[PDB]
Amino acid sequence: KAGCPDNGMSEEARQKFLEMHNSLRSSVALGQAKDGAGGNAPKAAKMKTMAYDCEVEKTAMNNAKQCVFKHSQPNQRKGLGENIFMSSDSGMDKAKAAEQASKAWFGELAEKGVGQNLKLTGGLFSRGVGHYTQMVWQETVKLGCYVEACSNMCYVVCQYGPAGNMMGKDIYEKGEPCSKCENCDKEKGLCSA
Ligand SMILES: [Co+2]
């Protein structure tokens with residue numbers, strides 16, 4: 001979602017990825033997101049707005065173009081986190097793929113649960129909610145994704161800068177929406193720079 005190269009990724013898909021990420025981060029920040037562990041995820045005091053980044057898309061593309069479903073190694077995406085997703089519908093619309101990937105990742109919260117302790121402990125890290133926690137990582141403010149049509153799958157990779165899912169760190173700071181940032185609408189809960 002914007003000024004990126006004509007590289008096979010659709011603008012519609014870029015826009016959908018960013019829109020979904022910010023919308024879902026907002027829902028969490030406002031205390032509106034159901035948590036499988038009980039109640040809703042806690043409100044966030046300074047959930048940051050994401051922007052789309054063409055350079056992050058470039059390293060996401062390096063993974064997706066391989067048409068093998070797997071996480072890239074850290075040095076193949078220096079300083080970035082990563083979520084991956086696949087569908088058997090190889091030729092599906094890329095915007096539709098963006099929506100499905102974003103929902104599947106976010107769904108870990110409702111389905112597996114996270115709870116009110118947002119410190120990324122070894123326990124939490126091992127419960128398989130790492131796609132969700134990366135989507136709502138407070139300090140992650142750059143998003144870049146690529147969707148590749150492969151022989152047997154539609155393969156989706158998003159990368160995230162700076163990387164989230166840092167062990168021992170909080171996913172986000174708890175508090176009333178906007179309570180710890182200036183450029184923020186109390187009814188949205190997202191902080192801009
Ligand atoms: Co993963």
# chains A, B, ... in the order shown; residues from 1 in each chain; ligands from 1
>>> select_by_dssp(residues="segment 2-123 of chain A", states="alpha helix (DSSP H)", output="number ranges by chain")
A: 11-29, 54-64, 94-106, 108-112, 122-123
>>> write_last_selection(atoms="N, CA and C atoms", output="tab-separated table (two decimals), in the first residue's frame")
chain	number	residue	atom	x	y	z
A	11	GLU	N	-1.82	-4.32	-5.86
A	11	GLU	CA	-2.06	-3.20	-4.98
A	11	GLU	C	-3.25	-3.48	-4.06
A	12	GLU	N	-4.28	-4.11	-4.61
A	12	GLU	CA	-5.45	-4.49	-3.82
A	12	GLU	C	-5.05	-5.38	-2.64
A	13	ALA	N	-4.14	-6.31	-2.89
A	13	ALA	CA	-3.70	-7.20	-1.83
A	13	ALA	C	-2.89	-6.43	-0.78
A	14	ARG	N	-2.02	-5.53	-1.23
A	14	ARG	CA	-1.23	-4.73	-0.28
A	14	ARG	C	-2.15	-3.93	0.64
A	15	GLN	N	-3.13	-3.27	0.03
A	15	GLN	CA	-4.09	-2.46	0.77
A	15	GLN	C	-4.88	-3.30	1.75
A	16	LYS	N	-5.30	-4.49	1.32
A	16	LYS	CA	-6.08	-5.35	2.20
A	16	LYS	C	-5.26	-5.81	3.41
A	17	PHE	N	-4.00	-6.18	3.17
A	17	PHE	CA	-3.11	-6.57	4.26
A	17	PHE	C	-2.99	-5.45	5.29
A	18	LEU	N	-2.68	-4.25	4.83
A	18	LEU	CA	-2.51	-3.15	5.78
A	18	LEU	C	-3.81	-2.84	6.51
A	19	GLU	N	-4.91	-2.78	5.76
A	19	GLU	CA	-6.20	-2.46	6.34
A	19	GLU	C	-6.57	-3.47	7.41
A	20	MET	N	-6.40	-4.75	7.10
A	20	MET	CA	-6.73	-5.80	8.05
A	20	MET	C	-5.86	-5.71	9.30
A	21	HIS	N	-4.56	-5.52	9.11
A	21	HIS	CA	-3.67	-5.43	10.27
A	21	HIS	C	-4.02	-4.26	11.18
A	22	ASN	N	-4.23	-3.08	10.60
A	22	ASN	CA	-4.56	-1.94	11.45
A	22	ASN	C	-5.94	-2.07	12.08
A	23	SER	N	-6.90	-2.58	11.33
A	23	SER	CA	-8.25	-2.79	11.88
A	23	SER	C	-8.24	-3.75	13.06
A	24	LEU	N	-7.47	-4.82	12.95
A	24	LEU	CA	-7.45	-5.84	13.99
A	24	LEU	C	-6.64	-5.36	15.19
A	25	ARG	N	-5.57	-4.61	14.94
A	25	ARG	CA	-4.81	-4.02	16.03
A	25	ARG	C	-5.69	-3.05	16.80
A	26	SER	N	-6.50	-2.27	16.08
A	26	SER	CA	-7.48	-1.38	16.70
A	26	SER	C	-8.47	-2.14	17.58
A	27	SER	N	-9.03	-3.24	17.06
A	27	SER	CA	-10.01	-3.99	17.84
A	27	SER	C	-9.41	-4.49	19.14
A	28	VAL	N	-8.18	-4.96	19.08
A	28	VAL	CA	-7.50	-5.43	20.28
A	28	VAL	C	-7.27	-4.25	21.25
A	29	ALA	N	-6.76	-3.15	20.72
A	29	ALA	CA	-6.42	-1.99	21.54
A	29	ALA	C	-7.63	-1.45	22.29
A	54	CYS	N	7.64	-1.32	1.11
A	54	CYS	CA	8.01	-2.05	-0.10
A	54	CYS	C	9.28	-2.87	0.05
A	55	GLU	N	10.19	-2.44	0.91
A	55	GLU	CA	11.42	-3.18	1.12
A	55	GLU	C	11.18	-4.45	1.92
A	56	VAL	N	10.28	-4.37	2.90
A	56	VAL	CA	9.88	-5.56	3.66
A	56	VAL	C	9.14	-6.53	2.74
A	57	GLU	N	8.35	-5.99	1.82
A	57	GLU	CA	7.68	-6.83	0.84
A	57	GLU	C	8.69	-7.63	0.02
A	58	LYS	N	9.83	-7.01	-0.27
A	58	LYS	CA	10.87	-7.62	-1.08
A	58	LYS	C	11.41	-8.90	-0.43
A	59	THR	N	11.70	-8.86	0.86
A	59	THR	CA	12.16	-10.07	1.54
A	59	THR	C	11.03	-11.08	1.76
A	60	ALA	N	9.80	-10.60	1.92
A	60	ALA	CA	8.66	-11.52	1.98
A	60	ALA	C	8.55	-12.28	0.66
A	61	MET	N	8.75	-11.56	-0.44
A	61	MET	CA	8.69	-12.12	-1.78
A	61	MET	C	9.74	-13.19	-1.97
A	62	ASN	N	10.92	-12.98	-1.40
A	62	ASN	CA	12.01	-13.95	-1.53
A	62	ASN	C	11.62	-15.31	-0.95
A	63	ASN	N	10.82	-15.29	0.11
A	63	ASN	CA	10.28	-16.52	0.66
A	63	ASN	C	9.18	-17.07	-0.25
A	64	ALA	N	8.18	-16.25	-0.52
A	64	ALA	CA	7.00	-16.71	-1.25
A	64	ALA	C	7.32	-17.30	-2.62
A	94	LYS	N	-5.66	-12.50	-4.99
A	94	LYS	CA	-4.62	-12.19	-4.00
A	94	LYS	C	-5.14	-11.38	-2.82
A	95	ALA	N	-6.09	-10.49	-3.07
A	95	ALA	CA	-6.76	-9.76	-1.99
A	95	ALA	C	-7.55	-10.71	-1.09
A	96	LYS	N	-8.20	-11.70	-1.70
A	96	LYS	CA	-8.94	-12.71	-0.92
A	96	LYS	C	-7.96	-13.53	-0.08
A	97	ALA	N	-6.82	-13.86	-0.67
A	97	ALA	CA	-5.78	-14.56	0.08
A	97	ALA	C	-5.28	-13.72	1.26
A	98	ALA	N	-5.12	-12.42	1.03
A	98	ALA	CA	-4.69	-11.50	2.09
A	98	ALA	C	-5.67	-11.51	3.26
A	99	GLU	N	-6.94	-11.46	2.93
A	99	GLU	CA	-7.98	-11.50	3.94
A	99	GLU	C	-7.97	-12.82	4.70
A	100	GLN	N	-7.87	-13.94	3.98
A	100	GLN	CA	-7.89	-15.24	4.64
A	100	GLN	C	-6.67	-15.43	5.54
A	101	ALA	N	-5.50	-15.01	5.06
A	101	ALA	CA	-4.27	-15.12	5.85
A	101	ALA	C	-4.35	-14.29	7.12
A	102	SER	N	-4.80	-13.05	6.98
A	102	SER	CA	-4.91	-12.14	8.12
A	102	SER	C	-5.88	-12.70	9.17
A	103	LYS	N	-7.01	-13.25	8.72
A	103	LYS	CA	-7.98	-13.85	9.63
A	103	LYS	C	-7.45	-15.11	10.32
A	104	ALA	N	-6.73	-15.95	9.57
A	104	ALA	CA	-6.21	-17.18	10.15
A	104	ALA	C	-5.18	-16.87	11.23
A	105	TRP	N	-4.31	-15.91	10.96
A	105	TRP	CA	-3.30	-15.50	11.92
A	105	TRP	C	-3.95	-14.89	13.16
A	106	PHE	N	-4.85	-13.95	12.94
A	106	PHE	CA	-5.51	-13.28	14.05
A	106	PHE	C	-6.33	-14.25	14.89
A	108	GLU	N	-5.86	-17.02	16.12
A	108	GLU	CA	-5.18	-17.76	17.18
A	108	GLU	C	-5.60	-17.23	18.55
A	109	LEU	N	-5.87	-15.93	18.62
A	109	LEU	CA	-6.34	-15.33	19.88
A	109	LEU	C	-7.66	-15.93	20.35
A	110	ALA	N	-8.67	-15.93	19.48
A	110	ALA	CA	-9.98	-16.47	19.83
A	110	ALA	C	-9.95	-17.99	20.01
A	111	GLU	N	-9.15	-18.67	19.21
A	111	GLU	CA	-9.19	-20.13	19.18
A	111	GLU	C	-8.31	-20.81	20.22
A	112	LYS	N	-7.08	-20.32	20.37
A	112	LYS	CA	-6.15	-20.91	21.32
A	112	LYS	C	-6.11	-20.16	22.65
A	122	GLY	N	8.42	-18.40	27.72
A	122	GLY	CA	8.64	-19.64	27.00
A	122	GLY	C	7.36	-20.43	26.86
A	123	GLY	N	6.53	-20.39	27.90
A	123	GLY	CA	5.22	-21.01	27.86
A	123	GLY	C	4.37	-20.42	26.75
>>> residues_near_ligand(ligand="ligand 1", cutoff="9 Å", atoms="only C-alpha atoms and all ligand atoms", output="compact mmCIF listing (two decimals) with N, CA and C atoms, in the first residue's frame")
# COMPACT_ATOMS: atom_id res chain seq x y z
N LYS A 70 7.24 -22.71 4.39
CA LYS A 70 8.11 -22.74 5.56
C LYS A 70 8.59 -21.36 5.95
N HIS A 71 8.96 -21.21 7.22
CA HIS A 71 9.55 -19.97 7.67
C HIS A 71 10.93 -19.80 7.08
N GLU A 82 7.96 -12.71 10.85
CA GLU A 82 7.32 -13.32 9.69
C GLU A 82 6.10 -14.18 10.06
N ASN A 83 5.04 -14.05 9.26
CA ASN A 83 3.91 -14.96 9.30
C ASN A 83 3.77 -15.60 7.93
N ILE A 84 3.42 -16.89 7.90
CA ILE A 84 3.18 -17.57 6.63
C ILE A 84 1.81 -18.25 6.63
N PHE A 85 1.25 -18.42 5.43
CA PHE A 85 -0.09 -19.00 5.27
C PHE A 85 -0.19 -19.65 3.90
N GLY A 128 1.71 -21.71 20.34
CA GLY A 128 1.33 -21.60 18.94
C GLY A 128 0.41 -20.44 18.65
N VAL A 129 0.67 -19.30 19.28
CA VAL A 129 -0.11 -18.10 19.03
C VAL A 129 0.78 -17.00 18.46
N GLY A 130 1.91 -17.41 17.91
CA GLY A 130 2.92 -16.50 17.40
C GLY A 130 2.56 -15.70 16.16
N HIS A 131 1.56 -16.15 15.40
CA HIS A 131 1.13 -15.36 14.26
C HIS A 131 0.28 -14.19 14.76
>>> select_by_dssp(residues="segment 102-170 of chain A", states="strand (DSSP E or B)", output="PyMOL selection string")
chain A and resi 119+142-149+154-161+170
>>> write_last_selection(atoms="C-alpha atoms", output="CSV table (one decimal), in the first residue's frame")
chain,number,residue,atom,x,y,z
A,119,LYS,CA,4.9,-11.1,28.6
A,142,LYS,CA,6.2,-1.9,9.1
A,143,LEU,CA,4.3,-4.5,7.1
A,144,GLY,CA,5.3,-6.0,3.7
A,145,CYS,CA,3.7,-9.1,2.2
A,146,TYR,CA,3.7,-11.2,-1.0
A,147,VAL,CA,1.2,-13.6,-2.4
A,148,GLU,CA,2.5,-16.2,-4.9
A,149,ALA,CA,0.5,-18.6,-7.1
A,154,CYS,CA,-1.5,-20.1,-3.0
A,155,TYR,CA,1.4,-19.1,-0.7
A,156,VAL,CA,1.3,-16.0,1.5
A,157,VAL,CA,4.2,-14.4,3.4
A,158,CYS,CA,4.1,-11.3,5.5
A,159,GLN,CA,7.2,-9.8,7.2
A,160,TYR,CA,7.2,-7.4,10.0
A,161,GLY,CA,9.6,-4.6,11.1
A,170,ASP,CA,5.5,-7.6,26.3
>>> atom_distance(atom1="atom CA of residue 107 of chain A", atom2="atom CA of residue 132 of chain A")
7.1 Å
>>> closest_residue(among="A:79, A:38, A:115, A:31", to="residue 186 of chain A", atoms="only C-alpha atoms")
A:31
>>> residues_around(residues="residue 167 of chain A", least_positions_apart="6", cutoff="8 Å", atoms="only C-alpha atoms", output="list in words")
residues 120, 121, 122 and 125 of chain A
>>> write_last_selection(atoms="C-alpha atoms", output="PDB file, in the first residue's frame")
ATOM      1  CA  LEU A 120       6.251 -13.423  25.921  1.00  0.00           C
ATOM      2  CA  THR A 121       7.328 -16.290  28.176  1.00  0.00           C
ATOM      3  CA  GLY A 122       8.642 -19.640  26.995  1.00  0.00           C
ATOM      4  CA  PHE A 125       5.834 -18.740  22.881  1.00  0.00           C
TER       5      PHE A 125
END
>>> residues_around(residues="residue 163 of chain A", least_positions_apart="5", cutoff="10 Å", atoms="only C-alpha atoms", output="NGL selection string")
:A and (77-82 or 134 or 137 or 139-142)
>>> write_last_selection(atoms="N, CA and C atoms", output="PDB file, in the first residue's frame")
ATOM      1  N   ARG A  77      15.856 -12.454   6.407  1.00  0.00           N
ATOM      2  CA  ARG A  77      14.908 -11.388   6.692  1.00  0.00           C
ATOM      3  C   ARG A  77      15.426 -10.591   7.880  1.00  0.00           C
ATOM      4  N   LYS A  78      16.639 -10.065   7.724  1.00  0.00           N
ATOM      5  CA  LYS A  78      17.352  -9.392   8.811  1.00  0.00           C
ATOM      6  C   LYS A  78      16.478  -8.373   9.522  1.00  0.00           C
ATOM      7  N   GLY A  79      16.289  -8.574  10.824  1.00  0.00           N
ATOM      8  CA  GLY A  79      15.567  -7.634  11.666  1.00  0.00           C
ATOM      9  C   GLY A  79      14.051  -7.697  11.572  1.00  0.00           C
ATOM     10  N   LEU A  80      13.531  -8.709  10.882  1.00  0.00           N
ATOM     11  CA  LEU A  80      12.096  -8.803  10.614  1.00  0.00           C
ATOM     12  C   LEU A  80      11.476 -10.068  11.178  1.00  0.00           C
ATOM     13  N   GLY A  81      10.225  -9.954  11.617  1.00  0.00           N
ATOM     14  CA  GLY A  81       9.420 -11.117  11.952  1.00  0.00           C
ATOM     15  C   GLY A  81       8.709 -11.625  10.714  1.00  0.00           C
ATOM     16  N   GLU A  82       7.964 -12.713  10.849  1.00  0.00           N
ATOM     17  CA  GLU A  82       7.316 -13.324   9.691  1.00  0.00           C
ATOM     18  C   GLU A  82       6.103 -14.176  10.058  1.00  0.00           C
ATOM     19  N   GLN A 134       2.533 -11.575  16.653  1.00  0.00           N
ATOM     20  CA  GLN A 134       3.253 -10.720  15.717  1.00  0.00           C
ATOM     21  C   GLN A 134       2.331  -9.677  15.059  1.00  0.00           C
ATOM     22  N   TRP A 137       1.864  -6.930  17.732  1.00  0.00           N
ATOM     23  CA  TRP A 137       3.063  -6.485  18.425  1.00  0.00           C
ATOM     24  C   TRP A 137       3.150  -4.960  18.383  1.00  0.00           C
ATOM     25  N   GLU A 139       5.356  -2.617  18.999  1.00  0.00           N
ATOM     26  CA  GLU A 139       6.482  -1.922  18.397  1.00  0.00           C
ATOM     27  C   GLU A 139       6.682  -2.212  16.909  1.00  0.00           C
ATOM     28  N   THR A 140       5.945  -3.178  16.363  1.00  0.00           N
ATOM     29  CA  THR A 140       6.055  -3.492  14.934  1.00  0.00           C
ATOM     30  C   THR A 140       5.214  -2.508  14.132  1.00  0.00           C
ATOM     31  N   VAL A 141       5.870  -1.749  13.251  1.00  0.00           N
ATOM     32  CA  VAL A 141       5.209  -0.657  12.537  1.00  0.00           C
ATOM     33  C   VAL A 141       5.385  -0.677  11.017  1.00  0.00           C
ATOM     34  N   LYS A 142       6.090  -1.687  10.509  1.00  0.00           N
ATOM     35  CA  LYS A 142       6.224  -1.889   9.073  1.00  0.00           C
ATOM     36  C   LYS A 142       5.725  -3.260   8.667  1.00  0.00           C
TER      37      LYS A 142
END
>>> decode(residues="segment 164-179 of chain A", atoms="N, CA, C and O atoms", output="compact mmCIF listing (two decimals), in the first residue's frame")
# COMPACT_ATOMS: atom_id res chain seq x y z
N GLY A 164 8.75 -8.69 15.89
CA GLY A 164 8.08 -8.92 17.15
C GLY A 164 8.50 -10.26 17.70
O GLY A 164 9.51 -10.84 17.27
N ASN A 165 7.73 -10.76 18.67
CA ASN A 165 7.95 -12.07 19.25
C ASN A 165 9.34 -12.18 19.84
O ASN A 165 10.00 -13.22 19.72
N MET A 166 9.78 -11.10 20.49
CA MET A 166 11.03 -11.10 21.25
C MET A 166 10.79 -11.69 22.63
O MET A 166 9.97 -11.19 23.39
N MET A 167 11.50 -12.76 22.96
CA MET A 167 11.29 -13.47 24.21
C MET A 167 11.46 -12.53 25.39
O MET A 167 12.38 -11.72 25.41
N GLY A 168 10.56 -12.65 26.37
CA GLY A 168 10.64 -11.87 27.59
C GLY A 168 10.06 -10.47 27.52
O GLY A 168 9.92 -9.80 28.54
N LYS A 169 9.71 -10.02 26.31
CA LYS A 169 9.16 -8.69 26.11
C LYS A 169 7.63 -8.74 26.09
O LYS A 169 7.06 -9.79 25.79
N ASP A 170 6.97 -7.63 26.39
CA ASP A 170 5.51 -7.59 26.35
C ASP A 170 5.04 -7.44 24.91
O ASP A 170 5.65 -6.70 24.14
N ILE A 171 3.96 -8.13 24.57
CA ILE A 171 3.37 -8.01 23.23
C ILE A 171 2.95 -6.55 23.00
O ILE A 171 3.23 -5.97 21.96
N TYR A 172 2.28 -5.98 23.99
CA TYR A 172 1.96 -4.56 24.02
C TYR A 172 1.75 -4.10 25.46
O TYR A 172 1.51 -4.92 26.35
N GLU A 173 1.85 -2.80 25.68
CA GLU A 173 1.63 -2.22 27.01
C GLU A 173 0.14 -2.12 27.31
O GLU A 173 -0.64 -1.65 26.47
N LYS A 174 -0.27 -2.57 28.49
CA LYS A 174 -1.69 -2.54 28.85
C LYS A 174 -2.08 -1.17 29.37
O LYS A 174 -1.32 -0.53 30.07
N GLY A 175 -3.28 -0.72 29.00
CA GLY A 175 -3.81 0.54 29.49
C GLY A 175 -4.96 1.00 28.63
O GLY A 175 -5.27 0.36 27.62
N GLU A 176 -5.60 2.11 28.99
CA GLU A 176 -6.68 2.64 28.17
C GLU A 176 -6.15 3.06 26.80
O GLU A 176 -5.03 3.53 26.70
N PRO A 177 -6.96 2.89 25.75
CA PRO A 177 -6.54 3.25 24.39
C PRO A 177 -6.00 4.68 24.38
O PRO A 177 -6.63 5.57 24.96
N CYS A 178 -4.85 4.88 23.75
CA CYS A 178 -4.26 6.21 23.57
C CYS A 178 -3.69 6.82 24.83
O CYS A 178 -3.17 7.94 24.78
N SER A 179 -3.76 6.11 25.95
CA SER A 179 -3.33 6.69 27.23
C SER A 179 -1.83 6.98 27.30
O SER A 179 -1.39 7.80 28.10
